[PDB]
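# Reading the structure
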Amino acid sequence: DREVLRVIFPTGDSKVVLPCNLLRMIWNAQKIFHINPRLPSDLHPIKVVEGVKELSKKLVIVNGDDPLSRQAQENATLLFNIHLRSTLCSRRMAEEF
Amino acid sequence: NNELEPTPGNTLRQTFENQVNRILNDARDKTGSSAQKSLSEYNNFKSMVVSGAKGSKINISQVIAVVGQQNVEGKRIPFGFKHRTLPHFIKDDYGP
Amino acid sequence: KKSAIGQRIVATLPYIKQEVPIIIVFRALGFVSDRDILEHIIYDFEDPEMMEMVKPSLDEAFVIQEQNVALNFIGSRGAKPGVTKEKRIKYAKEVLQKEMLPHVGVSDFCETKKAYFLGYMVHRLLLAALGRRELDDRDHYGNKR
Amino acid sequence: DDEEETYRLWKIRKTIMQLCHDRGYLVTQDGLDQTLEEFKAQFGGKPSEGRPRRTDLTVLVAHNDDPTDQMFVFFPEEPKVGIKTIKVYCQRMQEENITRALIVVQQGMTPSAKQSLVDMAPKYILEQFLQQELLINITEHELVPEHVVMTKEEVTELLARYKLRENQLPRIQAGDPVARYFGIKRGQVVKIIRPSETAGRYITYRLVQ
Amino acid sequence: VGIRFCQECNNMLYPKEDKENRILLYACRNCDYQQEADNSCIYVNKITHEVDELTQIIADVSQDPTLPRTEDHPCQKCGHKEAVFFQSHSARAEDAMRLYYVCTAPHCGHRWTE
Amino acid sequence: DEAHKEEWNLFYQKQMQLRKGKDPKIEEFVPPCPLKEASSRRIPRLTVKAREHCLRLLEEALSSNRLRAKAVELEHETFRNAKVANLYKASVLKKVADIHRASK
Amino acid sequence: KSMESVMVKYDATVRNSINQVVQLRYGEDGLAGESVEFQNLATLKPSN
Amino acid sequence: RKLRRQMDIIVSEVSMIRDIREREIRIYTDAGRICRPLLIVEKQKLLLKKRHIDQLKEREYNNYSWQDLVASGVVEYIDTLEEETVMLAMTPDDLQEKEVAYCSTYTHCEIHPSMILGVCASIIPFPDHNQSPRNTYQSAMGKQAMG
Amino acid sequence: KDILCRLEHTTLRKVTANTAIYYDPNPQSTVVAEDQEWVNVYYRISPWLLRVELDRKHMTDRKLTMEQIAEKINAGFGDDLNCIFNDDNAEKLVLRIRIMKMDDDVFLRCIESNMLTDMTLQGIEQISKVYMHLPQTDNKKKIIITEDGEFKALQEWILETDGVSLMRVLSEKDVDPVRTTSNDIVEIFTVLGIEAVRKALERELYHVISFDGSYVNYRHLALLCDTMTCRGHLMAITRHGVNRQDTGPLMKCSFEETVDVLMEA
DNA sequence: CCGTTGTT
DNA sequence: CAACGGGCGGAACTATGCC
RNA sequence: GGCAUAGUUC
Ligand SMILES: [Zn+2]
Ligand SMILES: [Zn+2]
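This entry, as listed in the PDB, derives from cryo-EM and reports a resolution of 4.3 Å.

Written out as structure tokens, the structure is:
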């Protein structure tokens, strides 16, 4: 995904416009569930990976199951899925959030 | 004294005008910065500019320090009369 | 031929169908010699650039040489072109005596001054073309009433 | 100059090699990538009174799906190609049993020759390319997104999937530069693949009409 | 260069070729008046044309009340101190802002440019 | 400019036709002379007369700079590089004059 | 006047009054303008 | 100019222009030229004197007025294209005086520089502390006030 | 600077100093005393002359050569002219032209006039003036990816001309055929197709909108560009483009042509 | 100012 | 290359002359 | 009743 991003965005511009504000959602989750950042957590990184993979299937823009429709949906949600994976990376979840 | 050398891509008139306008813009901006940094913590212009309500630092500069250069069609004021701006100036006067 | 000629001077007289070369009008006024026409136009003959500028205008005088034929050429292009020739020539003389530069004069003997004023117009045009005087601006308030 | 003429011939040859590679014909890597010195050595570094005389540079190549379907790339030596030159080329194609051919022109072709090229369209297919139009590859320009020619099976599947009649697709003229580069006739559909700022990729379709 | 006129009809003299003596003749189209010229050059065209205005500057500009005056540039001829000055004051002068000077002493009219 | 240009070209061609000596009789090339390619017709209206004419200039330039072999190499390199006679002359002149400035 | 009749169809495609496709997905992604925000990708710029 | 100032042969309305560089003298008796009065500066001193000022300030019961000021050759009418051959001074007692020499050949002087404003813009107080669009807007809104 | 010279149009008037037409039948006894030595060394024909003088500053600024000028003249006029030229050694650079109804003086004035306004010594036609300045923006600079994966911005000279001829500039040697671009939409169309014209139109609209610092969502830009370039040819938003659409007459009648459209239908 | 149609 | 024809902001409020 | 012209507000 990093290589795909570097092809899509030469001249290195990170700023982009996408529908869900993942960082603010994470901040809201932390404050809602009274997460203490100084303690070890109970989140399994495999659970993180599986949850992201299952979530990406429910964000459907092009509905279908033909190869043409699947290609259309992948093209329609490529950038947002790249952003989603980058944010919900397991190491970032374990260290930062 | 013809000692001015033209800048590449520009005419002699163009380079002279560029230097003059640059000097005057530097003067106006420096006086504006002085006027800004000499304000007070109770000043109402600062109150209405810092909070973003209405006004700007250029307006404060024009009120306090210097109104600045006046331009017509992007150039300095032209020679309406024969080689002079007004009947109160000598001919061929390029001063500020 | 156009590339060698360069610039030519023409005059748009009122109540005439299209343009006329200036030497034709000067001849129609009654001046035949190029020396006399250049006396009326170029005041100081020690100006070779002005002389060269006016030379292509005089090269249109290779054909026309007399007042009668010049008047015929001028009057050929009236508001209603005539079926005869004497009426056309009379119309040409009438236009050059009544509608060209009325402020100089309208009497019978006004040609000697109309020629000088037309020469002044041509001279000022040459000065403008040579870059010796600034072109006028319509927004100057000395040029308004 | 001789150096400039060699350079122009080499650039035209390289662009035509790239064109044939894109059109699916079988051009090898060494033919695709020739240095200027290699071309000078192989076919004359002196054009004027030299071995390369806008002839012997003609290219015959066979399509990757059918060695029987082959294409010519002819180099007329005349600044204005004429009716008799077109007839000579068509005779050579007929005798070699070749259907399609390209023709790179020095300056231009007379309208009579162009119409005599159009007339034999079902019998033979010939295209005119100017010398200036091939010094560069328009496909490599960054403003030009990738184009893919779609088969009739892929068109039919696309139309059925979206329930579209061919009137309802965007169009592209048969005189388009890229359309001429790919050699596309009316009724074929091209596919455009380009990156997007809001999605990351976007596939469009154009109908040649 | 200049224009020369016939003495009979007073018309412009065009150049005509004498294909016998290999000589240049100026002849008019009205009469048969011939001449031999000394310039030997039909046409001259200079495209630089950076004419020095000292030929075209009149000495009468010294009476202009609207012109600046200086006393640090004495006249070369009569040694008069005060001297009016101005720029090219003409179009087709590129962009040169060189100054020009005219002596203000009556009947001197010295017009130089340092 | 096209219509005026075409008319100018046609005019130029017609004036040139009208300014010909009426029969363009195609005289043959000139035979030799130590020079290389002396049978060449490669430059229109250049001659073996001109080749010999230039040889003098090379020999005298070399002789004062200080041989007929080096003269023929200078000539032949110039003869290959050349395509028009006035240019062939121009090259010969330029070498002799500027090398004279180094012989000085 | 140029774009007065361009609409989003229930097919999710963008078509004019003659049902000619303009975009297969509106805005090339299919989302509405008033619901998107500025964000940073955070994996493009960092070195290896 | 002497004849026009004496008001003997040439009316005060006539304008005379000398184009020094181009050697032309132009005299206009036309109707429609627009002109404004200016004071006359002879060497460096105004021709207007305290005697004129006193005779003016005794204007009642003295039949001395603007016409008698004009007839004395003190003021003059200058139209637009005669203003191109004149050197003006904005204020007498400030620009005629000895300074670092800018111009020592003044030919006229302004009566008061605030007479460049029209009827509706002569009611704005401190117009030189304002912004030009604001002065224009007030010139517009002065014709709508109710009195 | 070499490419700057290659890409800027220049006729003979840009470099000539002065010209004149003489009458000199004698090859040896030349009216002008300056050319004597080399004209004698050089030496049917016509007795008239066309002597021109080339300005040294402009001659040496463009890195031009008198041999190059002579060969260009030969290419332009063929061998029906004669040309003899001095060299830069002398302070006066001289070119002398002679011909190898139809009178000589009027023909020489047409030769001079054509040779001064039609010669095209160098450059590309219709390209008037070409600038050359370092970029100062991150979109006009070349940005690469190093071997360690970062983005590094490089400053390289970029040119900015006046007048457009895109194909020749692209075909020029030592010119990048990928990033070179113009701002004439019709030229981009006729050179690169319809997709390129769409992308370029979007970039031009983005530039004009964002010059003011303002922001407009990309969807609206994309929609306008797709609407303009949907049918394969450029569709100006005028009566022409609006009525070119195969829509109903009632939509066209309400826009810049009512009665004419209704009566045609 | 610039899209049609004529004339050449 | 020349001539011809259509196209040119949005609302709102007073008054006066004339058919 | 309608046509035209002028002025003014945003
Ligand atoms: Zn005579
Ligand atoms: Zn003196």
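### Observations concerning the overall build of chain A
In terms of helices and strands, chain A carries five helices and one strand. Secondary structure elements of chain A, listed N to C terminal, follow the sequence α-β-α-α-α-α. In terms of C-alpha radius of gyration, chain A reaches 16 Å, well past the compact-globule figure of 13 Å for 97 residues. If one aligns the C-alpha atoms of chain A with their principal axes, the spans along those axes are about 45 × 35 × 20 Å. Here chain A displays about 6,600 Å² of accessible surface, and carbon together with sulfur accounts for 58% of that area. One finds the centroid of the 14 positive side-chain charges in chain A at a distance of 7 Å from the centroid of its 11 negative side-chain charges.

### A look at the protein's contact with DNA strand K
Neighbouring DNA strand K are the residues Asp 1 of chain F together with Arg 239 and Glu 256 of chain I. Among the atoms of DNA strand K close to the protein, meaning within 4 Å, 78% are from sugar or phosphate groups. In this structure, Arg 239 of chain I approaches DNA strand K through a side-chain N or O atom, which is 3.3 Å from a sugar or linking oxygen. Take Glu 256 of chain I: an N or O atom from its main chain is 3.0 Å from a phosphate oxygen of DNA strand K.

### Some points on the interface of chain I and chain D
If you look at the interface, chain I gives 31 residues, while chain D gives 27 residues. Summed over both partners, the interface of chain I with chain D comes to about 2,400 Å²; 57% of that surface belongs to carbon and sulfur atoms. Here chain I is connected to chain D by three salt bridges. Summed over the shared surface of chain I and chain D, the number is six residue pairs in polar contact. Elements supplying a minimum of two residues to the side of chain I that touches chain D: α6 (166-171), α7 (185-192), α8 (195-210) and α9 (218-228) of chain I.

### A few points about the coordination of the zinc ion (ligand 2)
Residue and element names in this part refer to chain E. The protein atoms donating to the zinc ion (ligand 2) are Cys 75 (SG), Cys 78 (SG), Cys 103 (SG) and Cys 108 (SG), with metal-donor distances spanning 2.3 Å. Around the zinc ion (ligand 2), the four donor atoms sit at angles spanning 108 to 112°, and that spread fits a shape best called tetrahedral. Of note, the donors binding the zinc ion (ligand 2) are all from one chain and are spaced C-x2-C-x24-C-x4-C. A relative accessible area of 1% means that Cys 103 is categorised as buried. When its relative accessible area of 24% is taken as the criterion, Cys 108 is described as partly exposed.

### Points about the coordination of the zinc ion (ligand 1)
Residues and elements named next belong to chain E. Of the protein atoms, only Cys 6 (SG), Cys 9 (SG), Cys 28 (SG) and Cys 31 (SG) coordinate the zinc ion (ligand 1), at distances of 2.3 Å. Around the zinc ion (ligand 1), the four donor atoms sit at angles spanning 96 to 128°, and that spread fits a shape best called tetrahedral. Mapped onto the sequence, the donors of the zinc ion (ligand 1) take the spacing C-x2-C-x18-C-x2-C. We classify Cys 28 as buried; its relative accessible area is 6%.

### Overview of the packing of helix α1 (residues 12-37) of chain B against helix α3 (residues 57-64) of chain B
All names here are of chain B. Taken N-terminus to C-terminus, the directions of α1 and α3 make an angle of 95°; their axes are 9 Å apart at the nearest point. Accordingly, the angle class assigned to the pair α1 and α3 is roughly perpendicular. Touching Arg 28, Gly 32, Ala 35 and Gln 36 of α1 are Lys 57, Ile 60, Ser 61 and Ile 64, all from α3. Counted by class, the contact of α1 with α3 contains three nonpolar, three polar and two charged residues.

### What about the sheet that holds strand β2 (residues 66-74) of chain D?
Residues and elements named next belong to chain D. Strand order in the open sheet formed by four strands is β1-β2-β4-β6, and the pairing between neighbours is mixed. Across the chains shown, the open sheet's two edge strands, defined by having one partner strand only, are β1 (59-63) and β6 (125-130). Shown here is a sheet whose adjacent strand axes are inclined to one another by a mean of 20°, direction ignored. Pairing of strand β4 (residues 100-105) with β6, which is carried by six bridges, proceeds in the parallel orientation. Residue pairing in the sheet places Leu 102 in a bridge with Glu 127 of β6.

### A short note on the environment of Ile 35 of chain A
Residues and elements named next belong to chain A. In this fold, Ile 35 is placed in the loop between α2 (22-32) and α3 (45-56). Taking the C-alpha atoms as reference, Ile 35 lies 17 Å from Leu 22; in sequence the two are 13 residues apart. Here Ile 35 is in contact with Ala 29, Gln 30 and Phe 97, once residues within four sequence places are set aside.

### A few points about the pairing of strand β5 (residues 83-86) of chain E
Residues and elements named next belong to chain E. Looking at chain direction, strand β4 (residues 69-70) and β5 are connected through two bridges and run antiparallel. The residue of β5 that forms the bridge with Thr 70 is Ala 83. Here β5 pairs with strand β6 (residues 100-103) via four bridges, running antiparallel. Bridged to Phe 85 within β6 is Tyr 101.

### Describing the environment of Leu 135 of chain C
Residue and element names in this part refer to chain C. Summarising the element assignment, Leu 135 is placed in the segment after α7 (111-129). On the basis of relative accessibility, which here comes to 64%, the residue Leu 135 falls in the exposed class. Residues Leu 135 and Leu 125, 10 residues apart in the sequence, show an inter-C-alpha distance of 9.8 Å.

Reading the values: rules and limits
- Residues numbered from 1 in each chain as written, not as in the entry; some residues may be left out.
- Chains lettered and ligands numbered in written order.
- Part of a larger assembly, values for the part shown.
- Heavy atoms only, no water.
- Residues with missing side-chain atoms left out of burial classes, pairs and counts.
- Helix = DSSP H or I, 4+ residues; strand = E, 2+ residues; numbered from the N terminus.
- Rg over C-alpha atoms; globule rule 2.2 N^0.38 Å.
- Areas by Shrake-Rupley, 256 points an atom, 1.4 Å probe, with all protein chains shown as cover.
- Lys, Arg positive; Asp, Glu negative; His and termini not counted.
- Charge placed at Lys NZ, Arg CZ, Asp CG, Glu CD.
- Near = heavy atom within 4 Å.
- Polar contact = N/O pair within 3.5 Å; in protein donor to acceptor, adjacent residues only side chain to side chain.
- Contact = heavy atoms within 4.5 Å.
- Buried area = accessible area lost by both parts, 1.4 Å probe.
- Salt bridge = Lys/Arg side-chain N within 4 Å of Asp/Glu carboxyl O.
- Donors = N, O, S within 2.8 Å, 3.2 Å for Na, K, Ca; no water.
- Tetrahedral: all angles 85-135°; square planar, octahedral: opposite > 155°, others 65-115°.
- Buried < 20%, exposed > 50% of the residue type's maximum accessible area, 1.4 Å probe, protein only.
- Axes fitted to C-alpha atoms, helices over the stretch in contact; angles between N-to-C directions.
- Parallel < 35°, antiparallel > 145°, perpendicular 65-115°, else oblique.
- Nonpolar A, V, L, I, M, F, W, Y, C, P; charged D, E, K, R; others polar.
- Pairing = 2+ DSSP bridges.

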